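Student: Here it is, the structure, as structure tokens.
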Amino acid sequence: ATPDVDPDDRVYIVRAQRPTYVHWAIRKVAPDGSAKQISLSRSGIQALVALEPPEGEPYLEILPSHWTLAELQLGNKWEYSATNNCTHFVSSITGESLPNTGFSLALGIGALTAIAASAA
């Protein structure tokens, strides 16, 4: 509903195994069942923090206030690399140690989804 977190909202780390790498993200589920999810997408070859459709399986539940941190980084540009990827985005937010499985050796930046363009 609002930008800020509702008291009954629950936030999770989620894990989406793709062929060549693992997609890490943070999801907020509401009482009615609706969900939002934030991770790294790309525009061209430039990675950035962006909303995305819910995807992957709940990995660990975390305190809701973690969502706000991820929400505040929406739009931030990201230096995508082997040592700086989906894993590192979620680790910096949550402060939980994730295994570095969030980079594709074959696809690289091409692993990330292309962000949706202007509605106009």
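Identifiers for the structure tokens are assigned positionally: chains receive A, B, ... in sequence, residues are indexed from 1 per chain, and ligands are indexed from 1 in the order shown.
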Identify, on the basis of only C-alpha atoms, every residue whose closest approach to residue A:3 does not exceed 10 Å; exclude the query and any residue fewer than 3 positions from it along the same chain; express the result as an NGL selection string.
Tutor: :A and (6 or 68 or 71)
Student: Generate the output file for the selected residues, C-alpha atoms, as a CSV table (one decimal), in the first residue's frame.
Tutor:
```
chain,number,residue,atom,x,y,z
A,6,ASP,CA,2.9,-2.0,7.4
A,68,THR,CA,13.2,0.1,3.9
A,71,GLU,CA,13.6,0.5,-0.9
```
Student: Find the spatial neighbours of residue A:40, counting only C-alpha atoms, within a cut-off of 10 Å - ignore same-chain residues fewer than 3 positions away - and output them as a count of residues only.
Tutor: 24
Student: Grab the atom CA of residue A:70 to atom CA of residue A:41 distance for me, in Å with one decimal place.
Tutor: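 Distance between the two atoms: 13.4 Å.
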Student: Report as a short mmCIF file (atom, residue, chain, number, x, y, z; two decimals) with N, CA and C atoms, in the first residue's frame all protein, DNA and RNA residues lying within 9 Å of residue A:88, evaluated on only C-alpha atoms, omitting residues in the same chain fewer than 6 positions from it.
Tutor:
```
data_model
loop_
_atom_site.label_atom_id
_atom_site.label_comp_id
_atom_site.auth_asym_id
_atom_site.auth_seq_id
_atom_site.Cartn_x
_atom_site.Cartn_y
_atom_site.Cartn_z
N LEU A 98 25.63 -14.79 2.81
CA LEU A 98 25.18 -15.61 1.70
C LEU A 98 26.40 -16.15 0.95
N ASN A 100 28.59 -16.89 -2.38
CA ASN A 100 28.75 -16.09 -3.59
C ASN A 100 28.43 -16.94 -4.82
N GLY A 102 25.94 -15.75 -7.04
CA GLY A 102 25.03 -14.83 -7.71
C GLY A 102 25.62 -14.20 -8.97
#
```
Student: I need the strand (DSSP E or B) residues of chain A per DSSP on the backbone, written as a PyMOL selection string.
Tutor: chain A and resi 10-17+22-29+35-43+46-52+57-62+77-78+81+84+114
Student: Pull C-alpha atoms from the residues just selected and write them as a short mmCIF file (atom, residue, chain, number, x, y, z; two decimals), in the first residue's frame.
Tutor:
```
data_model
loop_
_atom_site.label_atom_id
_atom_site.label_comp_id
_atom_site.auth_asym_id
_atom_site.auth_seq_id
_atom_site.Cartn_x
_atom_site.Cartn_y
_atom_site.Cartn_z
CA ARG A 10 6.67 -9.91 6.60
CA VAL A 11 10.00 -9.66 4.77
CA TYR A 12 12.14 -12.53 3.46
CA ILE A 13 15.34 -13.25 1.60
CA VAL A 14 14.40 -15.33 -1.45
CA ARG A 15 16.52 -17.60 -3.63
CA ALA A 16 15.81 -18.29 -7.32
CA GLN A 17 18.06 -20.96 -8.84
CA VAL A 22 21.49 -18.05 -8.40
CA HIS A 23 19.23 -15.00 -8.17
CA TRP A 24 19.12 -13.50 -4.67
CA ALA A 25 16.42 -10.95 -3.77
CA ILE A 26 14.44 -9.45 -0.88
CA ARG A 27 10.63 -9.79 -0.83
CA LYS A 28 7.91 -8.18 1.30
CA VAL A 29 4.63 -10.10 1.63
CA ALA A 35 4.18 -9.24 -2.67
CA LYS A 36 6.90 -6.84 -3.81
CA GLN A 37 10.50 -7.87 -4.52
CA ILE A 38 13.75 -5.92 -4.95
CA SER A 39 17.09 -7.03 -6.40
CA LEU A 40 19.46 -6.08 -9.25
CA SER A 41 18.20 -5.56 -12.79
CA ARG A 42 20.01 -3.90 -15.72
CA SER A 43 19.50 -1.10 -18.22
CA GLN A 46 24.46 -1.00 -16.44
CA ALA A 47 23.14 -2.84 -13.37
CA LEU A 48 20.85 -1.00 -10.94
CA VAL A 49 18.61 -1.69 -7.94
CA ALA A 50 15.02 -2.23 -9.09
CA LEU A 51 11.66 -3.80 -8.26
CA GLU A 52 10.86 -7.12 -9.95
CA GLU A 57 11.73 -19.73 -2.78
CA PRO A 58 11.86 -18.24 0.77
CA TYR A 59 15.42 -18.62 2.09
CA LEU A 60 15.29 -16.79 5.44
CA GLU A 61 12.81 -14.46 7.17
CA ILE A 62 14.16 -11.13 8.44
CA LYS A 77 23.62 2.13 -10.04
CA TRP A 78 25.62 -1.02 -9.32
CA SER A 81 31.15 -8.22 -11.07
CA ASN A 84 29.84 -7.69 -6.46
CA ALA A 114 16.24 -5.77 -18.49
#
```
Student: What is the atom CA of residue A:111-atom CA of residue A:20 distance in Å, reported with one decimal?
Tutor: 8.3 Å
Student: Report, in Å with one decimal, the straight-line distance from atom CA of residue A:9 to atom CA of residue A:65.
Tutor: 10.1 Å
Student: Name the residues of stretch 11-109 of chain A that fall into alpha helix (DSSP H) according to DSSP on the backbone, using the chain letters and numbers of this document, as a list in words.
Tutor: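 Answer for stretch 11-109 of chain A, restricted to alpha helix (DSSP H): residues 65, 66, 67, 68, 69, 70, 71, 86, 87, 88, 89, 90, 91, 92, 93 and 94 of chain A.
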Student: Give the answer as one residue: which of A:79, A:110, A:66, A:118 has the shortest atom-to-atom distance to residue A:94, using only C-alpha atoms?
Tutor: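 Closest candidate: A:66.
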Student: Measuring between only C-alpha atoms, which one of A:97, A:109, A:33, A:8 shows the shortest distance to residue A:45?
Tutor: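 Closest to residue A:45 of all the choices is A:109.
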Student: For residue A:67, which of A:5, A:30, A:44, A:92 is the closest residue, counting only C-alpha atoms?
Tutor: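 Selected residue with least distance to residue A:67: A:5.
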